[PDB]
Amino acid sequence: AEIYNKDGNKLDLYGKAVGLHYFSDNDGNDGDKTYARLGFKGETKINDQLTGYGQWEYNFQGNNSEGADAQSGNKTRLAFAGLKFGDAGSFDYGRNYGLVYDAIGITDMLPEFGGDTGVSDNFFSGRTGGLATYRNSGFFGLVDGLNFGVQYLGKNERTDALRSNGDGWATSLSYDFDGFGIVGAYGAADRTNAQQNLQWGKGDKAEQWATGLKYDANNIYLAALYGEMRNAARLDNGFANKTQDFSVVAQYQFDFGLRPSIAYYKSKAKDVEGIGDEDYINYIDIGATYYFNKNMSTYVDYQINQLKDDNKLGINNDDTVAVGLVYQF
Amino acid sequence: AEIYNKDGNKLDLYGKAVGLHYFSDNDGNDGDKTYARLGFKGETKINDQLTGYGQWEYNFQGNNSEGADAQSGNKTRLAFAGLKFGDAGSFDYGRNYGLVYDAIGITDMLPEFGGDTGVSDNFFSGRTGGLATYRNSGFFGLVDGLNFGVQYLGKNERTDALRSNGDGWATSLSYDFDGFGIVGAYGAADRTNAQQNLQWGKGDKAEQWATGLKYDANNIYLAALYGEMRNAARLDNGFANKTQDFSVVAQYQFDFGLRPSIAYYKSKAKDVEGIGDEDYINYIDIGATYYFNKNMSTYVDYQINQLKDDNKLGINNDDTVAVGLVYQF
Amino acid sequence: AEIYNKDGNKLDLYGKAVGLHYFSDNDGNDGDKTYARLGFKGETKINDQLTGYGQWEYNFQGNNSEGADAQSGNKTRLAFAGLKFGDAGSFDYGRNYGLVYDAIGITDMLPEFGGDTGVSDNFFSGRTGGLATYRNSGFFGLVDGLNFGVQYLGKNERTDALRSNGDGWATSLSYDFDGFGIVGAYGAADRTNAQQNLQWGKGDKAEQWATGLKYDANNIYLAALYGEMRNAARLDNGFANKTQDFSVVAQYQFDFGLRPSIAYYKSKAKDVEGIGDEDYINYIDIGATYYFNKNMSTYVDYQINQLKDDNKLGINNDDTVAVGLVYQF
Ligand SMILES: CCCCCCCCO[C@@H]1O[C@H](CO)[C@@H](O)[C@H](O)[C@H]1O
């Protein structure tokens with residue numbers, strides 16, 4: 001919500017309260033999953049060719065006790081400041097989205113699941129700390145519909161090596177016309193010494209790229225995505241040496257509020273030390289959201305797992321149904 | 001404070017800053033006790049028979065250092081979303097108040113102490129996670145003043161068994177007219193396997209109920225409460241097998257802002273393994289609040305303990321004086 | 001930002017997002033330093049002689065992962081409530097600034113570094129919990145420009161002895177006239193039982209004082225500060241028995257937004273068990289801020305260390321450069 005708008009500064013205070021329950025035979029995917037979000041987004045007119053901005057956003061879990069587990073799963077998601085230069089681009093620095101998510105985002109539209117290859121603290125695939133990002137939308141006022149980005153990532157040496165990284169760079173590009181769109185992105189970075197002493201994954205470089213296509217118009221959404229990761233997909237005991245990742249989704253928006261969705265996700269891991277080849281994501285998803293208005297909604301999401309019992313990286317293979325009730329402002 | 005109200009959505013951002021000091025021999029009840037609260041509460045008109053809503057609230061302690069103890073005592077208190085269907089009731093889901101607090105609340109009006117049998121993560125007696133709640137005010141438009149609710153609780157398997165529960169149900173009912181009110185509530189739920197392995201308390205089911213009466217008019221507040229808990233009152237080393245719980249309060253509001261208060265609290269535990277019967281709450285309370293206006297107040301509260309020296313359940317038995325200065329919005 | 005102003009109550013919601021990066025050969029001062037701040041400050045008119053107020057403020061680090069280190073370095077900075085009595089002063093209680101920071105603050109104007117002797121949970125040099133503070137500005141309306149304060153500090157017995165204190169008191173005084181100002185302040189406190197068993201610093205009593213003056217007008221800022229601490233300057237392994245502390249700074253504000261700065265800081269610790277005398281702070285600082293307007297700015301700060309590589313307290317001696325981009329509201 002815009003709660004301040006005066007003398008060239010605007011300030012949005014936004015958030016949501018999400019009542020949420022999972023039903024599944026798995027232990028870790030069953031029970032209460034309620035949570036809340038809070039953030040600000042501000043914008044200030046400096047002159048005719050320059051505008052400054054900033055944003056912060058946090059996750060408050062609603063399924064902890066008020067005792068020793070109170071802080072579990074709570075965290076800042078975004079935190080950055082930047083400058084917008086008229087037609088000539090934007091630059092911002094802080095905790096933000098990696099450029100490979102410009103591609104991975106196109107199938108990340110399910111009511112509760114989806115988006116499985118874009119994760120936090122994972123080089124360029126999701127939200128990461130220490131990113132410097134330049135974007136130019138509409139290509140300096142001449143080739144509109146054509147968007148481009150370039151990004152630098154500074155080293156983060158963390159106690160948890162699966163959430164660490166060394167220096168890297170990324171780039172992305174997308175074009176839209178008449179409801180059709182296409183996008184691609186590539187990034188690469190150094191791995192840290194601690195990442196190279198883990199049980200899975202060998203190599204000096206982490207690389208991620210993905211590419212995709214969509215039609216998004218006339219109440220219709222379709223998109224398909226393919227990509228690959230080297231020494232970069234995060235697994236339970238380290239990183240996969242290489243992966244092949246694919247997803248696809250189809251949705252329609254009825255005028256009276258309902259929006260059904262069907263999707264399929266499959267990813268295969270390759271040359272895991274002592275294990276070989278094996279699927280690490282594989283499921284069909286069917287669900288729907290009902291929008292009462294722009295502030296209230298409800299949903300059901302049904303994840304139909306198609307991994308098997310002899311899964312050889314030990315990944316769980318049960319189903320889940322999710323039921324959600326959302327108030328947002 | 002209402003900070004936004006536009007096109008059918010309203011958003012109240014509320015909170016307070018409480019400067020607070022305890023005087024006592026206890027040690028765990030003697031230093032600085034300063035804290036702050038922040039929350040939002042929102043409401044959106046969907047159509048003439050349907051409003052959506054959501055609420056979140058958090059506690060930030062003000063008596064920690066900025067070092068390693070910085071997070072001690074910090075937590076989410078409330079987090080839920082719901083739908084109100086005109087006269088046919090309301091439904092919300094998340095972290096909210098258990099229905100037995102509909103009765104326990106009537107003597108929870110002291111300046112600093114009081115409310116001792118209604119606590120967090122304690123089945124239905126206070127704030128608990130995973131509550132699905134139905135309420136109906138005014139009985140479908142037919143009986144003005146008459147309220148009831150029905151509530152389901154999903155199990156919470158936590159590392160701390162004293163803050164856990166299994167599945168359960170609860171219900172409540174109250175009537176008000178001409179300044180008088182009356183209320184009762186009952187709930188029951190399964191206990192977890194770990195709750196059945198603690199040194200105090202044995203049994204498969206936990207039960208809580210309480211009932212009360214009040215007069216609230218002409219600057220006068222009086223109320224009395226009686227109830228009992230089975231395998232559900234939390235003690236130092238587990239749960240009491242049975243309890244008998246009683247409290248009573250009397251207050252008067254002078255026109256120039258001062259509001260004195262006196263109360264008495266007595267609770268008895270029965271058949272504790274290796275101990276037998278013994279009081280676990282027993283005290284007299286004297287205090288006063290002075291309201292400067294609806295945003296500012298100050299108070300003193302004097303708790304006069306009557307538990308016995310070196311008692312057999314190990315409960316501390318000292319007095320405490322509390323002094324507070326409160327800014328709220 | 002002022003977001004509510006109605007019937008005598010107003011509420012300011014304020015904060016900032018700071019993208020910040022450090023460059024240095026010291027590994028503990030290198031990489032991402034992004035963070036964000038959020039707070040409220042409210043005020044309520046009671047009558048012609050009486051205003052209530054309250055404030056809370058929090059620090060959210062932006063350079064943690066979303067995993068197990070998420071809460072690292074996050075904390076409440078301020079939390080207090082108070083009363084303003086027209087001309088005859090103010091009183092507040094909670095977590096606030098100690099009165100010796102009335103003096104130390106005059107050189108705490110660098111873009112990033114500086115302010116080294118005023119720190120959190122350090123008796124009266126910075127922000128501390130449990131402070132009762134009385135101030136009188138303008139000396140009852142009689143002696144204009146002349147400010148006075150007196151303060152009581154309650155005991156904080158914490159697990160970390162380096163962030164503890166016993167009971168104490170402080171006082172300060174300042175005068176301004178014609179762009180010139182002068183200030184001095186003194187406080188003294190008991191030390192806790194555990195503080196007296198550390199490797200460095202002995203005595204059952206702590207003391208702090210500082211004094212300084214400034215010229216602040218016609219786009220010029222100049223100021224110098226000197227003070228001393230007994231059993232109160234916090235070092236790595238306890239407290240220095242005595243210190244001599246000095247700082248000085250000079251700044252000019254150009255009309256088009258630029259503000260360069262130079263400063264020099266030197267503090268010497270004296271009579272350290274097994275060490276004798278040794279410097280614990282020593283550097284030259286050059287930097288500048290560019291203000292785009294009152295909501296957006298950018299800065300570079302260059303810390304030129306002049307401690308020696310064989311320092312007897314083992315304090316690191318490399319240089320650091322900080323670059324920052326700041327949005328605030
Ligand atoms: C609005 C409340 C302001 C209270 C001012 C603090 C009163 C100082 O109180 C002191 O602090 C210590 C802890 O209880 C004790 O050891 C002292 O006996 C007590 O006098």
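Per the deposited record, the coordinates in this entry were obtained by X-ray crystallography to a resolution of 2.300 Å.

As named in the PDB entry, chain A is Outer membrane protein (Porin), taken from Enterobacter cloacae. The deposited entry bears the title "OmpF orthologue from Enterobacter cloacae (OmpE35)". You can read under Sequence similarities (unreviewed entry) in the UniProt record for chain A the words "Belongs to the Gram-negative porin family." Among the UniProt annotations of chain A, the heading Subcellular location (unreviewed entry) holds the following wording: "Cell outer membrane".

Caption draft 1: Structural context of the interface of chain A and chain C. On the chain C side, the residues contacting the 40 residues of chain A number 33 residues. In total, chain A and chain C occlude about 2,900 Å² of area from one another, counting both sides; carbon and sulfur atoms represent 65% of this. The largest share of the area that chain A buries against chain C comes from A:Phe40, A:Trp56 and A:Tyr93, three residues that together contribute 19% of it. Seen at the junction of chain A and chain C, the total is two salt bridges. A salt bridge links A:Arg95 to C:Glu66; its shortest N-O distance comes to 2.9 Å. The interface formed by chain A and chain C contains 11 residue pairs in polar contact. Listed by contribution, the elements that provide at least two residues to the side of chain A that touches chain C are β1 (2–6), β2 (9–23), β4 (35–47), β5 (50–61), β6 (75–84), β7 (90–97) and β8 (127–137) of chain A. The greatest single-element share of the side of chain A that touches chain C, amounting to eight residues, is contributed by β6(A).

Caption draft 2: Looking closely at the pattern of salt bridges. Counted according to the given criterion, the structure contains 39 salt bridges over all chains. C:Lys266 is the partner of C:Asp279 in a salt bridge, and the nearest nitrogen-oxygen pair spans 3.9 Å. With C:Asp279 in strand β16 (residues 276–293) and C:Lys266 in strand β15 (residues 258–272), this residue pair connects regions lying 13 residues apart in the sequence. For C:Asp279, a relative accessible area of 14% corresponds to the buried category. Each of A:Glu66, B:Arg95, B:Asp121, B:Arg127, B:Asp160 and B:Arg163 takes part in a single network of salt bridges with overlapping partners.

Caption draft 3: Expanded view of the relation of the copies chain A and chain C. Least-squares fitting of chain A to chain C yields an RMSD of 0.2 Å, with the superposition described by an axial translation of 0.0 Å and a rotation of 120°. On the angle and the small slide along the axis, the relation comes out as a three-fold axis. By C-alpha distance to the rotation axis, the residue of chain A lying nearest is A:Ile3, at 3.8 Å. When the interface residues of chain A are mapped onto chain C, a mere 10% of them are again interface residues, pointing to distinct binding faces.

Caption draft 4: Expanded view of the pairing of strand β6 (residues 75–84) of chain C. Residues and elements named next belong to chain C. A large share of β6 lies buried, amounting to nine of its 10 residues. For strand β5 (residues 50–61) and β6, the ladder comprises nine bridges, and the chain directions are antiparallel. Paired with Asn59 across the bridge in β6 is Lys75. Pairing of β6 with strand β7 (residues 90–97), which is carried by six bridges, proceeds in the antiparallel orientation. Pairing of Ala81 across the sheet is with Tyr93, part of β7. Where β6 folds back on β7, the antiparallel hairpin that results is connected by five residues, among which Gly86 adopts a positive phi of roughly 45°.

Thresholds, definitions, all that
- Residues numbered from 1 in each chain as written, not as in the entry; some residues may be left out.
- Chains lettered and ligands numbered in written order.
- Heavy atoms only, no water.
- UniProt positions renumbered as here; feature names shortened; annotations may be inferred.
- Contact = heavy atoms within 4.5 Å.
- Buried area = accessible area lost by both parts, 1.4 Å probe.
- Salt bridge = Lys/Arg side-chain N within 4 Å of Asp/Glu carboxyl O.
- Polar contact = N/O pair within 3.5 Å; in protein donor to acceptor, adjacent residues only side chain to side chain.
- Helix = DSSP H or I, 4+ residues; strand = E, 2+ residues; numbered from the N terminus.
- Buried < 20%, exposed > 50% of the residue type's maximum accessible area, 1.4 Å probe, protein only.
- Least-squares fit on C-alpha atoms.
- Pairing = 2+ DSSP bridges.

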